[PDB]
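Have a look at the structure below before the remarks.
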Amino acid sequence: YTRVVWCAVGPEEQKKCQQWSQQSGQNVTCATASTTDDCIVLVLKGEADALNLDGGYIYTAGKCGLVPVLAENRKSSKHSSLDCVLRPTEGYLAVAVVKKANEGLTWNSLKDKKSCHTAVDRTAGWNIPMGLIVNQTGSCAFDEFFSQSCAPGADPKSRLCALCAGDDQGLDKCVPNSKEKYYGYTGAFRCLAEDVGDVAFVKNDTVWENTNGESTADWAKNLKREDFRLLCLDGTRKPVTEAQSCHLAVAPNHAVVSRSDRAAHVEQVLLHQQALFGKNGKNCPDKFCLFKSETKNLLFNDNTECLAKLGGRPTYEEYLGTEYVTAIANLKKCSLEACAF
Ligand SMILES: *[C@@H]1O[C@H](CO)[C@@H](O[C@@H]2O[C@H](CO)[C@@H](O[C@H]3O[C@H](CO)[C@@H](O[C@H]4O[C@H](CO)[C@@H](O)[C@H](O)[C@@H]4O)[C@H](O)[C@@H]3O)[C@H](O)[C@H]2NC(C)=O)[C@H](O)[C@H]1NC(C)=O
Ligand SMILES: *[C@H]1O[C@H](CO)[C@@H](O[C@@H]2O[C@H](CO)[C@@H](O[C@H]3O[C@H](CO)[C@@H](O)[C@H](O)[C@@H]3O)[C@H](O)[C@H]2NC(C)=O)[C@H](O)[C@H]1NC(C)=O
Ligand SMILES: CC(=O)N[C@@H]1[C@@H](O)[C@H](O[C@@H]2O[C@H](CO)[C@@H](O)[C@H](O)[C@H]2NC(C)=O)[C@@H](CO)O[C@H]1O
Ligand SMILES: *[C@@H]1O[C@H](CO)[C@@H](O[C@@H]2O[C@H](CO)[C@@H](O)[C@H](O)[C@H]2NC(C)=O)[C@H](O)[C@H]1NC(C)=O
Ligand SMILES: [Fe+3]
Ligand SMILES: [Zn+2]
Ligand SMILES: [Zn+2]
């Protein structure tokens with residue numbers, strides 16, 4: 001009965017979750033939904049217990065009463081002897097990437113260009129970019145800013161979905177789950193790498209993890225970092241090595257969320273599950289690895305070293321940080337005391 005129901009988004013996450021379930025002796029079980037928002041609703045209804053979420057969704061879930069439980073922690077040498085599970089998270093760098101060969105494209109010449117986004121409502125792929133754009137154009141017509149985009153989660157017949165490809169069969173065009181070829185960090189970067197779009201809104205890590213042989217995938221095998229550039233807010237272009245000085249914002253790490261009343265049990269099971277299937281996990285390589293899924297970032301980002309305890313039992317607002325929270329609020333006035341469910 002000490003069982004946690006994980007919510008998987010889309011059929012691919014479901015498959016990994018089932019594998020996890022099996023390997024955990026059903027200590028973790030699986031529920032599936034077609035979108036992250038649907039998964040939030042399952043948790044709210046109590047039909048699922050938890051799932052790991054990007055900051056923009058943490059905001060959505062937070063307004064509905066869901067709370068941060070543990071955060072993804074990427075590999076970072078700082079805070080040196082403290083173990084990963086207890087090290088404070090640093091956040092990731094939201095960037096705008098373009099092809100080096102697309103010379104003369106800068107932050108100041110993005111209007112009417114083609115764009116690639118992880119999904120609507122996500123931090124680096126949407127909230128940070130569109131927030132900055134709305135800020136600068138003075139207008140809410142962010143839907144009319146780029147000429148075409150792939151923004152999974154938007155209206156499939158609109159220009160924001162025009163560049164989306166859907167699945168093998170061309171179904172599910174623009175669905176905000178991994179069935180959409182250009183969904184998420186890797187999909188948005190593949191969207192740029194295949195020259196479907198002019199700019200991709202992703203994170204620093206994505207560029208590195210999908211270039212210079214870091215990915216064996218076919219569209220990525222032959223990609224080289226020098227062939228790419230980051231767009232800085234001051235109108236300059238820089239090599240992908242300069243992300244610490246050329247990003248759009250620092251984003252709060254994706255984190256596990258759950259209903260307040262299940263938070264403690266979820267944390268307990270989670271800590272014990274990673275001990276088994278985490279980075280240096282007991283059954284990890286050997287049986288199952290929670291933080292691997294061939295660059296597809298299923299359930300968790302593939303670069304996660306561990307899920308770390310939070311600092312100061314933070315509310316969702318503290319977790320996200322005041323800067324980011326007001327930026328999201330300021331952006332959502334275009335489409336506070338809420339929960340759109
Ligand atoms: C941008 O994101 C990047 C990826 O998330 C960050 O770069 C990564 O930086 C870390 C240290 O902060 C580095 O950790 C260590 O990884 C290896 C040891 O486990 C080690 O070297 C490698 O050997 C091979 C190279 O021929 C290669 O196959 C293997 O993947 C390793 O890279 C390395 O020396 C280091 O001690 C990661 O390796 C590195 N990631 C990659 C894939 O390059 C970067 O810091 C981020 N920048 C910002 C601004 O945040
Ligand atoms: C674009 O939209 C908004 C206006 O450009 C902006 O919201 C404003 O953000 C600033 C900075 O985060 C907040 O600033 C602070 O101002 C002073 C300190 O300089 C203090 O007195 C305040 O306590 C506060 O910390 C503003 O609160 C906020 N303005 C309001 C009230 O809406 C968004 O941040 C911009 N969007 C993006 C994505 O950057
Ligand atoms: C616990 C602590 O001292 N952290 C504060 C945070 O509440 C708060 O949010 C953090 O903002 C940073 C960049 O502005 C991000 O690096 C970080 O991801 C984010 N915190 C977390 C844990 O997600 C910031 C801003 O008010 O101040 C920190 O001092
Ligand atoms: C399912 O979770 C339960 C409870 O968290 C685990 O049961 C015990 O776990 C503790 C710590 O690992 C051990 O001291 C006990 O030996 C476990 N009980 C027994 C008799 O197995 C259990 O390990 C988990 N099950 C699986 C298959 O992973
Ligand atoms: Fe994110
Ligand atoms: Zn910065
Ligand atoms: Zn607090």
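Among 80-86, 310-316, 266-272, the peptide with the highest mean count of other Cβ atoms within 10 Å heads the list, and the full ranking is 266-272, 310-316, 80-86.
Projecting the Cα positions of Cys334, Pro239, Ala251 onto the charge dipole of the range 236-341 (unit charges on Cβ atoms of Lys, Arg, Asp and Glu, taken about the Cα centre) puts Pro239 furthest along the positive direction.
So what's Rg/Rh here for the range 102-228, counting alpha carbon atoms and using the Kirkwood radius for Rh? The partial results should precede the final answer.
Numbers: Rg = 13.9 Å, Rh = 14.5 Å.
Looking at the range 102-228, the ratio lands at 0.96.
Relative protection proxy for 293-305, 246-258, from highest mean packing down: 246-258, 293-305 (other beta-carbon atoms within 10 angstrom). All Cα-Cα separations within the range 1-160 were binned at 5 Å from zero, giving a P(r) of 2, 7, 13, 15, 16, 15, 13, 9, 6, 3, 1, 0, each value a whole percent of the pairs. For the pair the range 98-172 / the range 1-57, the C-alpha centres are spaced 28 Å from each other. Packing-based ranking of 318-326, 176-184 yields 176-184, 318-326, ordered from highest to lowest mean Cβ neighbour count within 10 Å.
Solvent-free Debye calculation, one equal scatterer per alpha-carbon of the range 237-332: log10 I(q)/I(0) at 0.12, 0.16, 0.22 Å⁻¹ equals -0.57, -0.91, -1.18. Using the Cβ of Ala31 as centre and a radius below 9 Å, the other residues enclosed give a net charge of -2, where K and R count +1 and D and E count -1.
3J(HN,Hα) couplings calculated from phi for the range 278-292 with the Karplus curve 6.51 cos²θ - 1.76 cosθ + 1.60 (θ = phi - 60°) are, in sequence order, x, 3, 9, x, 3, 9, 9, x, 2, 10, 8, 10, 5, 9, 10 Hz; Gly and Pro show x.
Can I get the semi-axes of the range 84-163's equivalent ellipsoid? Compute them from the C-alpha gyration tensor as square roots of 5 times the eigenvalues, in angstrom, largest first.
Values: eigenvalues 119, 55, 36 Å².
In descending order, the three semi-axes are 24, 17, 13 Å.
If you take every DSSP beta bridge fully contained in the range 110-248, what fraction is antiparallel? Give it as a percent rounded to 5. Write down the numbers at each step before the final one.
Details: 2 of 8 bridges.
The antiparallel proportion sits near 25 percent.
Pairwise Cα separations in the range 166-292 fall into 10 Å bins from 0 onward with the following percentages, short to long: 11, 28, 32, 24, 6. Around the Cα centre of the chain, unit charges on the Cβ atoms of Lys, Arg, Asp and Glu (plus for the first two, minus for the last two) sum to a dipole of about 360 debye.
In this structure the amide hydrogen of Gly166, modeled in the peptide plane, comes within under 5 Å of the amide hydrogens of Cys174, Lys181, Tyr182, none closer than 5 places in sequence on its chain. When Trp208, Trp126, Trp107 are sorted by how many other C-beta atoms sit within 10 angstrom of their C-beta, beginning with the fewest, the order is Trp208, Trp107, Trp126.
On a per residue basis, the convex hull of the C-alpha atoms belonging to the range 167-242 measures out at 98 Å³.
Amide H to amide H distances under 5 Å link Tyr92 with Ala251, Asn253, where only residues 5 or more positions off or on other chains count and H is placed in the peptide plane. Simple rule: put +1 on each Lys or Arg Cβ and -1 on each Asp or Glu Cβ in the chain, find the dipole, and look at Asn297, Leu307, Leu132; the Cα lying farthest toward the positive end is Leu307.
With the simple model of a label 7 Å out from the Cα in the direction of the Cβ, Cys140 to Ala329 spans 1.7 nm.
Considering all different alpha carbon pairs of the chain, the Kirkwood hydrodynamic radius works out to 20.2 Å.
Here the 3J(HN,Hα) profile of the range 154-161, calculated from phi with Karplus coefficients 6.51, -1.76 and 1.60 at θ = phi - 60°, is 8, 5, x, 8, 8, 5, 5, 10 Hz, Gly and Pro shown as x.
FYI, it's all coordinate maths here, none of it is from the lab. All Cβ positions, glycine included, derive from the backbone under ideal geometry; neighbour counts span all protein chains shown.
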